[PDB]
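Before any comments, here is the structure.
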There are 2 protein chains.
Amino acid sequence: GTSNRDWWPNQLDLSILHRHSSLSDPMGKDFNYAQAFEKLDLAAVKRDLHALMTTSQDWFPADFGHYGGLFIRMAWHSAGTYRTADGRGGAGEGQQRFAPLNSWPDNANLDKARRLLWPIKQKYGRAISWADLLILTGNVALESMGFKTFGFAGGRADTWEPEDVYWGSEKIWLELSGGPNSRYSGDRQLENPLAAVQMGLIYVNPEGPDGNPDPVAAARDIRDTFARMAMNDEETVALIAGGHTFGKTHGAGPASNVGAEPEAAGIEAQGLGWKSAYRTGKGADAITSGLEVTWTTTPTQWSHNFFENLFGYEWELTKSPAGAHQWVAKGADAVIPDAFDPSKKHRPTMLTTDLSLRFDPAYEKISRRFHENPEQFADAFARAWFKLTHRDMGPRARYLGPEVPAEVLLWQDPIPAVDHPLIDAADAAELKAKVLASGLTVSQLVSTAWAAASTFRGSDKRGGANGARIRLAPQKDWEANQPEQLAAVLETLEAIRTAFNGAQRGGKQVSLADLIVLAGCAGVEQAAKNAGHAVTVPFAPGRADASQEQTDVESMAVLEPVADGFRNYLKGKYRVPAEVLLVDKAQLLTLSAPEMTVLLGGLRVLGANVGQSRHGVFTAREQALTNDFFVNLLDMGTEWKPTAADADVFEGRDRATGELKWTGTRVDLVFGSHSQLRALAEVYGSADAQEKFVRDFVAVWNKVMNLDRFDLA
Amino acid sequence: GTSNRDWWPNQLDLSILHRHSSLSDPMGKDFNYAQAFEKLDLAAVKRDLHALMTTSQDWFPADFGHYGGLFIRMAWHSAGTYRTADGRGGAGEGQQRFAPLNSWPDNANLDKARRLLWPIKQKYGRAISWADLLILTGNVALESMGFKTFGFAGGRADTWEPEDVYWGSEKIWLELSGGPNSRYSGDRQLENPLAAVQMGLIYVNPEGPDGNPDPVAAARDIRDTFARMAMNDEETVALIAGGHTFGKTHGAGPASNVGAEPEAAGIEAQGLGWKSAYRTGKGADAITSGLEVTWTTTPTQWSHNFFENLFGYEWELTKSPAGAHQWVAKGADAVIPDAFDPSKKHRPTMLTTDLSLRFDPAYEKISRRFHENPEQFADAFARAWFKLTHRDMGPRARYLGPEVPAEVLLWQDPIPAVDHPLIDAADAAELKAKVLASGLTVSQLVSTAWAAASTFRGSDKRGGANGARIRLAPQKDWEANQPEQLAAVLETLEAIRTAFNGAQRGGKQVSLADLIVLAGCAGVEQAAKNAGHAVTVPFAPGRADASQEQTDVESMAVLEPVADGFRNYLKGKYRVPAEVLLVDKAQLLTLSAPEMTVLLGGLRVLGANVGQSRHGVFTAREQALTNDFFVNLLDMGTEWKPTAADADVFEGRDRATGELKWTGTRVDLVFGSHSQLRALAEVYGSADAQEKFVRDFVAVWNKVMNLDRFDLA
Ligand code: HEM
Ligand code: HEM
Ligand code: NA
Ligand code: NA
């Protein structure tokens, strides 16, 4: 069946904005996951998980009689798809159970791990999500094997269809670098927003870069990919040595024995894949990665034996039974036990990427410290494992259950507690009038609140107006945010705040974060009034102000908007056309196509563009909230052509006279070009639409203001 | 960006079930188009349309100073994509403004037509849909040019994204037959459900079959394609001669002058396409089809000149200025006016497909009769134009506005008016008790009501339980409906009905159509009772019984289910795997994936399978409403393999012993294999899900029972 994508493969794709509708969701419209989870007997779930660890199923037998190593891998792959660039991937939506991640090569045999958990999922039903269960199981595996975890939060709601993510452009699984779709260029520069070295890997190649078993070069890939998943050197070493304290790899025979991944397998495989024709096809015969390495002398107990081996032997390049590069300890005794035969022992073995931890000089220092001081190792690993498995869950207000750690961590972008009475409706009316009386303009008010709120992204639930981080480094100096105009607006708002707070009794006060949003609300009200329409814009107080010392400046970098079509802004020249970047931003803000359309059309006539650009400002009454953008965009009396100097800027001239009426960008003109978006523009450009336009604009404005308000959830 | 479709191109696609969500719809969730339309000043819209006919725009000038011909083409193409096989296409969703149809080669320059209508659409806004406007404009073009139409109904709601339609498998526009994706095999047999001869045409090739200018062979294509759009010989001749009484074709120079279709054009074209480099690119220089034919001596007035010319000359094959085959009248004077130059006249010309109306023996007889009796021609064309433009609108209860014809037509599948008091709640309880006391089983009751209601399709809103056509030819004879079991159940229901109706006072009576649905509901209640649950099933009376004479047997054949996964039925072997056919049927029934899943699992345990097959009947308590199907389907203690005899039937055996537990088809097991469907099955197979399964089942059952109930809508 030939499709629109076939005929027009470069057309913009809006269907990413209409995922996760009530149609595809089996739960009722009123289902609340948090309310279900908060009644779960978590202690009972954990006891069930603890028993499951040592209850081997014959269809996929447990190594050493213990599934713990398998479940740790499962939970570290669930979390391990995360990219800091866009916040996409991670464990937060349980996406490992859908395409494509259910069938990535690096997730081979995790299908079996997830099937082992079905009887527990079934028992507890909607009270525990698959997304939560995947991570909980990893925690319980660690606990069962004598490791003390840092804690656990529930609250990851299940999703019901694949997330639309750019995983790269290669058309072959695990394709080595330098092909026609290479994810690398220059001196090994990995294209953003990717965080893995080959299509279908979690981070790096365990043999070494594109298969080359050099631990030093492997270390460069490890550091780069882990940084791109928000982990530094100490966290990276702790995680890799911590993980490889447990269990084993599987490569008993050649990879050509292994059949179709789950999405390609026959209907009779019932959701499983990688069926193997080698010997029994499982257990002692298992093939997963093709490597056959067992790290420690007690693979089912926490120890400091990984670093004892790493530093206590010299290592020789060798091959698994599948033909993959791996390393074996020169001259060592057989001290490592066998997974199934108590009469058999083995010499210590290592991956190329394990030896990276000793042969990269910076790693070596940390590894040595962890070797000599295993208590430091345990604490680092516990903290890293928590961060790994929670880094995409958003603010601490989303954390549920009885095991949530009390310590507040810097990477959580923490918001202080509110410890005073909030402002009421009369107060908010008073403060809006004061803001408007100050002389701040519609454009200043709307711009500033947009700048503060529009850093939110639903992918990892970072960003938003809560915290008032727009006043801090680095937000206050981002080019998009117009640092000098921003400073003058914040100065004026801070004086209003000081005067209001100074007059109160009984502890009542307003945060700057709330006042920034409320001021933006006053700007939108005033613009409606400028148009001849009285409206109230909803506002919910309760935000608090975070300090500079509670703000990690390096971590905040990835939230900078380098493309924001809502402010007609592009920081530099990109490969991806600007309209595709606009749809990407709308996806992160959680906007539908109709929401994106309304919002952009209003922002244009309110004066939100960076630098007061005239591009797309299709009105002769700026700072009035009207549907002018749409009426003027759709007027056939105007003809559009790209400029000589710049093919991405367009002039709109009267078709009869030739007079210049307007200019615009690709972001502006796409609403008059794309067949689906133009249909939406038509609704708001109709003669009957002014009331609808205003109401829908206020709604989507308020939605954006509240994106990070999980305290009200 | 590589996608799941790239990696696994033959995977099932569930996103066709979750199209048209509230997310993509710009209107509020309460918007009711009918209520908006009923307040439209239709007379005002028509005056504006009359004005527009002769208001030529410079950017695409009007032939002969009158856009009427262009708009009639526009309206006939809007309606002309309809296929009787699945009810898909037609005018009823305004889909000509979206991909792919906005950019089909046969729809070249209709973009110009639709843009000419924007000012009217804008003026009247949501009170007239594009879908209604395209057809009304065709009606007004006809009226402006002196032809009296049979009438017009509003009520086609606009849609906001492309419909998922199989238009064929060719990967080249207009590809001639016999290629690697040929829509033809054997003795020119067109694959169902297609209704056109080449990809991107409405019906047939105007030069002749695969470009061969033989009018006799072209006639075979015309008959076959028009039959597949529900039109017989009389209606087909009326429509083609009626249409081609107006306007002209356009092929003033070579097709290589014409640039990208609208979906491929540059952003600056603002939704238009086919920009031409030939001379002025438009008007006298226009190129659309490549043919250059003007049929009558008065192209902007209704006349009887089409058949005068067709019969009054002999015809000579020749070529247009673009090189396409067409026909010119031997020895004729230049009597046909020129569209732009009053000093120029032209000889009469015809398409290959026009000569088909004279050289096919069956058409010649009709054409002659129309020539000799022009008033018969006019009436037939008026009636056929109404049928063409309304054939996909469904029951007459959906028809809005003040121009709706009073005459009831056979192709509207008419249902008599109800002229008596309906049964009340007390009556319905009485009739349910009598049905249960008769001996009829859960399985019989559920099967029969399913059979009656599940003929509905949302594509053209035909079918459903209203009319009790299940008791008539041909429904009573269809294999899926189990003719002999069906006869015994209807006999019993008719005796209950006779006795209840004979006891009533006033005129109160129950229809068989209502009783069949009510009895189905009682079966569902009894099944819930068998399972230990107290359940009420909603029921709405008001269906009526249609007669055999109000039921066209040939038209009814396209509604026969040859595949119904919901009854585990496949009438023979098909190219498309059965699960794809299941999702296709769920789309026609307007079901989401969660609705499809719930429904299918319940029907299996209630005994709805054709022939009492055990396939998918995964319960030991048949005729009890439980979630057994899911709990057993997801049990890892069972292993599944295709049988020796039949690769589409599967045996489910105990994994430990090897004992046979169950058998199933692809339709059954896809719920345990497809990663999204399995996630749905898991919700319903959990330990907390029994009451959720029952309540969700009753909701979807009631939905299906009410799909055709536009009298209550
Ligand atoms: C450079 C980073 C990493 C590389 C290249 C790497 C590579 C691999 C490979 C190739 C396997 C064998 C899969 C099989 O054949 O069954 C594996 C196993 C495993 N990995 Fe890692 N890994 C890395 C980091 C991590 C981290 C961060 C953790 C958790 C904190 C982890 C935990 C494990 C565990 C527990 C297993 C054993 C699974 C079992 O017993 O069945 N790995 N690793
Ligand atoms: C065998 C069926 C038919 C074929 C092959 C056919 C073919 C065509 C072609 C090729 C054109 C010229 C397009 C252009 O170059 O601008 C055309 C024009 C048109 N057709 Fe037909 N047509 C058919 C049936 C119909 C029907 C059923 C109607 C309406 C009842 C219709 C009404 C028109 C009109 C009004 C035009 C003139 C357009 C104008 O003046 O701009 N045709 N047709
Ligand atoms: Na994420
Ligand atoms: Na249709």
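Hydrogens, waters and symmetry mates play no part in the numbers below; they use all other heavy atoms, side chains included. All chains are named by letter (A, B, ...) in the order of the sequence lines, taking the proteins before the strands, and each is independently numbered beginning at 1. Note that ligands are numbered from 1 as they come in the structure, with each ligand's atoms numbered from 1 the same way.
Taking each of A:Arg73, A:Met231, A:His77, A:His66 in turn, the one with a heavy atom nearest to atom 34 (C) of ligand 1 proves to be A:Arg73. By heavy-atom distance, the residue among A:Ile287, A:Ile240, A:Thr389, A:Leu239 lying nearest atom 2 (C) of ligand 1 is A:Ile240.
Closest approach of A:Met53 to A:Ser144, counting heavy atoms only: CG-OG, 3.9 Å. The two residues B:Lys248 and B:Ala339 come nearest to each other via the heavy atoms CD-CB, 3.9 Å. Annotation for B:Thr353 and B:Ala218: closest pair CG2-CB, 4.2 Å, computed over non-hydrogen atoms. Scanning all heavy atoms of the two residues, the minimum distance from B:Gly211 to B:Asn205 falls at N-ND2, 3.5 Å. A:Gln301 and A:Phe246 make their closest contact through C-CE2, 3.9 Å (heavy atoms, listed as atom of the first residue, atom of the second, distance).
Taking 3.0 Å as the threshold, B:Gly90 does not count as a candidate ligand of the Na ion (ligand 4), since none of its N, O or S atoms lies below it. Put simply, B:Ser459 gets within reach of the Na ion (ligand 4), with an N, O or S atom under 3.0 Å from it. Distance check for B:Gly87 against the Na ion (ligand 4): an N/O/S atom falls below 3.0 Å.
By the 4.5 Å heavy-atom criterion applied to side chains, B:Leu291 and B:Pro206 are counted as neighbours.
The atoms of ligand 1 that sit less than 4.0 Å from any heavy atom of A:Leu70 are 39 (C), 40 (O), 41 (O). Of all atoms in ligand 1, listed by their number and element, those nearer than 4.0 Å to a heavy atom of A:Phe381 are 30 (C). Those atoms of ligand 1 that come under 4.0 Å of a heavy atom in A:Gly247, given as number and element, are 40 (O). Taking every heavy atom of A:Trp385 and a limit of under 4.0 angstrom, the matching atoms of ligand 1 come to 29 (C), 30 (C). Counting atoms of ligand 1 from 1 in the listed order, those under 4.0 Å from a heavy atom of A:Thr288 are 14 (C), 15 (O), 16 (O). Using a 4.0 Å cut-off to heavy atoms of A:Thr249, the atoms of ligand 1 that qualify are 11 (C), 12 (C), 14 (C), 15 (O), 16 (O). Near A:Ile72, with a cut-off below 4.0 Å to any heavy atom, the atoms of ligand 1 are 35 (C). Near A:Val204, with a cut-off below 4.0 Å to any heavy atom, the atoms of ligand 1 are 1 (C), 5 (C). Close contacts between ligand 2 and B:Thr353 involve ligand atoms 5 (C) [criterion: under 4.0 Å to a heavy atom].
Contacts of B:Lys248 with ligand 2, taken as heavy-atom pairs under 4.0 Å, involve the backbone alone.
Closest to atom 25 (C) of ligand 2 among all protein heavy atoms lies B:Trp76 NE1, 3.3 Å. Ranking protein heavy atoms by distance to atom 35 (C) of ligand 2, first place goes to B:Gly69 O, 3.3 Å. Here the heavy atom of the protein found nearest to atom 9 (C) of ligand 1 is A:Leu351 CD1, 4.3 Å. In this structure, the protein non-hydrogen atom closest to atom 29 (C) of ligand 2 is B:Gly243 CA, 3.5 Å.
Residue contact annotation: B:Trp295 has a non-hydrogen atom under 4.0 Å from ligand 2.
Considering backbone and side-chain atoms together, B:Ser289 places an N or O closer than 3.5 Å to an N or O of ligand 2. Backbone and side-chain nitrogen or oxygen atoms of A:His250 are examined, and one is located within less than 3.5 angstrom of a nitrogen or oxygen of ligand 1. Below 3.5 Å of separation, one finds an N or O of B:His244 facing an N or O of ligand 2.
B:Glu93 and B:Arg156 are not joined by a salt bridge, as no carboxylate oxygen comes within less than 4.0 angstrom of a charged side-chain nitrogen. A salt bridge links B:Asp164 with B:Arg19: at least one charged nitrogen is closer than 4.0 Å to a carboxylate oxygen. Between B:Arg228 and B:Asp224 there is a salt bridge, since at least one side-chain N of the basic residue sits less than 4.0 Å from a carboxylate O of the acidic one.
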**OP:** Please step through side-chain hydrogen bond (donor to acceptor under 3.5 Å, both in side chains) for the pair A:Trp327 and A:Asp354, ending with a clear verdict.
**Re:** CA-CA 9 Å; A:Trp327 302 72; A:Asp354 298 322; over 6 Å; no

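Taking the six-membered ring where the residue is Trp, the centroids of B:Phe147 and B:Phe381 are separated by under 6.0 Å.
Annotation: cation-pi pair B:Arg223/B:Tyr363 present, NZ/CZ under 6.0 Å from the ring centroid and within 45° of its normal. A cation-pi arrangement, defined by a distance under 6.0 Å to the six-membered ring centre and an angle within 45 degrees of its axis, is present between B:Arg83 and B:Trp167. For B:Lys282 and B:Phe60, the positive end is not near the middle of the six-membered ring at less than 6.0 Å and at most 45° from its axis.
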